[PDB]
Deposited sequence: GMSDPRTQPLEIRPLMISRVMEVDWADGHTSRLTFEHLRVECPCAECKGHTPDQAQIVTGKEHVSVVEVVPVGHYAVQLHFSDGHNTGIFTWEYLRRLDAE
């Protein structure tokens, strides 16, 4: 019941390379495909993903989405809580 992490709609935008998520607190996250890829849950310097895109967004139960990326990587289950957290980190 946390409005911050209840998604209303998800819009992966291929041209601008950002995934928008509207949340129940009225916030919309705009998370770049690049950012999502380099923070994919599935000191090092993680780089080289500026040209990667999200090819598909598949819901996982009610708690997460699986993002499929253009570099073949398709593990990466992102919980709603995690996606919201990426808006600041």
Deposited residues absent from the coordinates (by C-alpha): 1-2, 45-54
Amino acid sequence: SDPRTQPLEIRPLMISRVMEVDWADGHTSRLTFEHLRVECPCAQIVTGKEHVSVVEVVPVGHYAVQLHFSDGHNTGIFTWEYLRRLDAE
From here on, numbers count along this sequence of modelled residues.
Would you mind comparing 8-16 and 70-78 for me and telling me which has the higher average C-alpha temperature factor in the entry? 70-78
Going by the mean C-alpha B-factor recorded in the entry, which is higher: 54-62 or 33-41? 33-41
